[PDB]
$ cat protein_11.pdb   # PDB, C-alpha atoms
ATOM      1  CA  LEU A   1     -13.810 -22.479  -6.644
ATOM      2  CA  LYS A   2     -10.375 -22.037  -5.098
ATOM      3  CA  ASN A   3      -8.920 -18.927  -3.448
ATOM      4  CA  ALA A   4      -6.866 -18.394  -6.618
ATOM      5  CA  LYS A   5      -8.723 -15.100  -6.913
ATOM      6  CA  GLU A   6      -7.518 -13.854  -3.522
ATOM      7  CA  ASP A   7      -4.001 -15.180  -4.151
ATOM      8  CA  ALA A   8      -3.988 -13.345  -7.490
ATOM      9  CA  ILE A   9      -5.153 -10.162  -5.779
ATOM     10  CA  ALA A  10      -2.351 -10.509  -3.225
ATOM     11  CA  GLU A  11       0.218 -11.151  -5.969
ATOM     12  CA  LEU A  12      -0.933  -8.121  -7.975
ATOM     13  CA  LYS A  13      -1.021  -5.915  -4.860
ATOM     14  CA  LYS A  14       2.515  -7.033  -4.040
ATOM     15  CA  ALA A  15       3.472  -6.317  -7.657
ATOM     16  CA  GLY A  16       2.098  -2.818  -7.181
ATOM     17  CA  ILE A  17      -0.836  -3.041  -9.575
ATOM     18  CA  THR A  18      -3.047  -0.103  -8.616
ATOM     19  CA  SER A  19      -6.407   0.519 -10.301
ATOM     20  CA  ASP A  20     -10.074   0.426  -9.253
ATOM     21  CA  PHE A  21     -10.959  -1.019 -12.641
ATOM     22  CA  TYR A  22      -8.706  -4.039 -12.056
ATOM     23  CA  UNK A  23     -10.222  -4.612  -8.623
ATOM     24  CA  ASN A  24     -14.197  -4.476 -11.107
ATOM     25  CA  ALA A  25     -12.118  -6.980 -13.105
ATOM     26  CA  UNK A  26     -12.220  -8.654  -8.777
ATOM     27  CA  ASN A  27     -15.974  -9.030  -9.000
ATOM     28  CA  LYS A  28     -15.966  -9.913 -12.718
ATOM     29  CA  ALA A  29     -13.509 -12.826 -12.862
ATOM     30  CA  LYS A  30     -14.996 -15.548 -10.680
ATOM     31  CA  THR A  31     -13.428 -18.692 -12.125
ATOM     32  CA  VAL A  32      -9.776 -19.781 -11.751
ATOM     33  CA  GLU A  33      -9.338 -19.812 -15.552
ATOM     34  CA  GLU A  34     -10.356 -16.145 -15.773
ATOM     35  CA  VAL A  35      -8.274 -15.263 -12.727
ATOM     36  CA  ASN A  36      -5.162 -16.801 -14.289
ATOM     37  CA  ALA A  37      -5.838 -15.260 -17.695
ATOM     38  CA  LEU A  38      -6.440 -11.827 -16.212
ATOM     39  CA  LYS A  39      -3.470 -11.992 -13.825
ATOM     40  CA  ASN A  40      -1.168 -13.135 -16.643
ATOM     41  CA  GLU A  41      -2.590 -10.347 -18.816
ATOM     42  CA  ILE A  42      -1.864  -7.714 -16.150
ATOM     43  CA  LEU A  43       1.591  -9.194 -15.527
ATOM     44  CA  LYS A  44       2.455  -9.102 -19.236
ATOM     45  CA  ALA A  45       0.999  -5.600 -19.590
ATOM     46  CA  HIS A  46       3.015  -4.345 -16.614
ATOM     47  CA  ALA A  47       6.163  -6.099 -17.843
TER      48      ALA A  47
END
$ encode --input "protein_11.pdb" --output "structure tokens"
Amino acid sequence: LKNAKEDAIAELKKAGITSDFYXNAXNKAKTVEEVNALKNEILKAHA
């Protein structure tokens, strides 16, 4: 496990992504693969 989760959280917070469900999606995604998939999903959805 790498801190890709925390780095993703920081990136999304900087992006302005605000939602308590995305920070459940925090405790849910625990592997880098999920973190990347979810981050990229949120990025695409916000774009």
$ residues_around --input "protein_11.pdb" --residues "residue 32 (chain A)" --least-positions-apart "4" --cutoff "12 Å" --atoms "all atoms listed in the file" --output "JSON, numbers by chain"
{"A": [1, 2, 3, 4, 5, 6, 7, 8, 26, 28, 36, 37, 38, 39, 40]}
$ atom_distance --input "protein_11.pdb" --atom1 "CA of residue 20 (chain A)" --atom2 "CA of residue 42 (chain A)"
13.5 Å
$ atom_distance --input "protein_11.pdb" --atom1 "CA of residue 22 (chain A)" --atom2 "CA of residue 9 (chain A)"
9.5 Å
$ atom_distance --input "protein_11.pdb" --atom1 "CA of residue 30 (chain A)" --atom2 "CA of residue 46 (chain A)"
22.0 Å
$ axis_aligned_box --input "protein_11.pdb" --around "region 15-30 of chain A" --padding-each-side "8 Å" --output "AutoDock Vina command-line options"
--center_x -6.3 --center_y -7.5 --center_z -10.1 --size_x 35.4 --size_y 32.1 --size_z 21.9
$ build_atoms --input "protein_11.pdb" --residues "region 5-25 of chain A" --atoms "N, CA, C and O atoms" --output "compact mmCIF listing (two decimals), in the frame of the given file"
# COMPACT_ATOMS: atom_id res chain seq x y z
N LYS A 5 -8.35 -16.50 -6.77
CA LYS A 5 -8.72 -15.10 -6.91
C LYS A 5 -8.01 -14.23 -5.87
O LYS A 5 -7.34 -13.26 -6.22
N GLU A 6 -8.13 -14.61 -4.61
CA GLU A 6 -7.52 -13.85 -3.52
C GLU A 6 -6.00 -13.89 -3.62
O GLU A 6 -5.33 -12.88 -3.39
N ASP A 7 -5.45 -15.04 -3.99
CA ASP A 7 -4.00 -15.18 -4.15
C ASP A 7 -3.50 -14.31 -5.30
O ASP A 7 -2.42 -13.72 -5.23
N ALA A 8 -4.31 -14.21 -6.36
CA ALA A 8 -3.99 -13.34 -7.49
C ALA A 8 -4.01 -11.89 -7.06
O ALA A 8 -3.11 -11.12 -7.41
N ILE A 9 -5.03 -11.52 -6.30
CA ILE A 9 -5.15 -10.16 -5.78
C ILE A 9 -3.93 -9.80 -4.94
O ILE A 9 -3.36 -8.72 -5.10
N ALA A 10 -3.52 -10.72 -4.07
CA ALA A 10 -2.35 -10.51 -3.22
C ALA A 10 -1.09 -10.35 -4.07
O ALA A 10 -0.26 -9.48 -3.80
N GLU A 11 -0.94 -11.20 -5.08
CA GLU A 11 0.22 -11.15 -5.97
C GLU A 11 0.28 -9.81 -6.70
O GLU A 11 1.33 -9.18 -6.77
N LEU A 12 -0.86 -9.37 -7.23
CA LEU A 12 -0.93 -8.12 -7.98
C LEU A 12 -0.71 -6.91 -7.06
O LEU A 12 -0.05 -5.94 -7.45
N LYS A 13 -1.23 -6.98 -5.84
CA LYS A 13 -1.02 -5.92 -4.86
C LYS A 13 0.45 -5.82 -4.48
O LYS A 13 1.00 -4.73 -4.35
N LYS A 14 1.09 -6.98 -4.32
CA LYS A 14 2.52 -7.03 -4.04
C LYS A 14 3.31 -6.49 -5.23
O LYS A 14 4.31 -5.79 -5.06
N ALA A 15 2.85 -6.81 -6.44
CA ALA A 15 3.47 -6.32 -7.66
C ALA A 15 3.35 -4.80 -7.76
O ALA A 15 4.19 -4.14 -8.36
N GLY A 16 2.28 -4.26 -7.18
CA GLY A 16 2.10 -2.82 -7.18
C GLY A 16 1.00 -2.38 -8.13
O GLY A 16 0.84 -1.18 -8.38
N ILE A 17 0.24 -3.33 -8.63
CA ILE A 17 -0.84 -3.04 -9.57
C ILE A 17 -1.93 -2.24 -8.87
O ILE A 17 -2.59 -2.75 -7.96
N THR A 18 -2.10 -0.99 -9.27
CA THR A 18 -3.05 -0.10 -8.62
C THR A 18 -4.07 0.45 -9.61
O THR A 18 -3.71 1.21 -10.51
N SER A 19 -5.33 0.07 -9.43
CA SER A 19 -6.41 0.52 -10.30
C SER A 19 -7.74 -0.05 -9.82
O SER A 19 -7.86 -1.24 -9.56
N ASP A 20 -8.74 0.83 -9.71
CA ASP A 20 -10.07 0.43 -9.25
C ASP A 20 -10.75 -0.45 -10.30
O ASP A 20 -11.60 -1.29 -9.98
N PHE A 21 -10.39 -0.23 -11.56
CA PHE A 21 -10.96 -1.02 -12.64
C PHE A 21 -10.48 -2.47 -12.56
O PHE A 21 -11.26 -3.38 -12.82
N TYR A 22 -9.22 -2.68 -12.19
CA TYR A 22 -8.71 -4.04 -12.06
C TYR A 22 -9.34 -4.74 -10.85
O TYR A 22 -9.59 -5.94 -10.90
N UNK A 23 -9.60 -4.01 -9.77
CA UNK A 23 -10.22 -4.61 -8.62
C UNK A 23 -12.73 -4.65 -9.17
O UNK A 23 -13.23 -5.74 -8.83
N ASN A 24 -13.13 -3.97 -10.24
CA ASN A 24 -14.20 -4.48 -11.11
C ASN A 24 -13.78 -5.79 -11.77
O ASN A 24 -14.52 -6.78 -11.70
N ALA A 25 -12.61 -5.80 -12.40
CA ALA A 25 -12.12 -6.98 -13.10
C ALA A 25 -12.05 -8.18 -12.17
O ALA A 25 -12.49 -9.27 -12.53
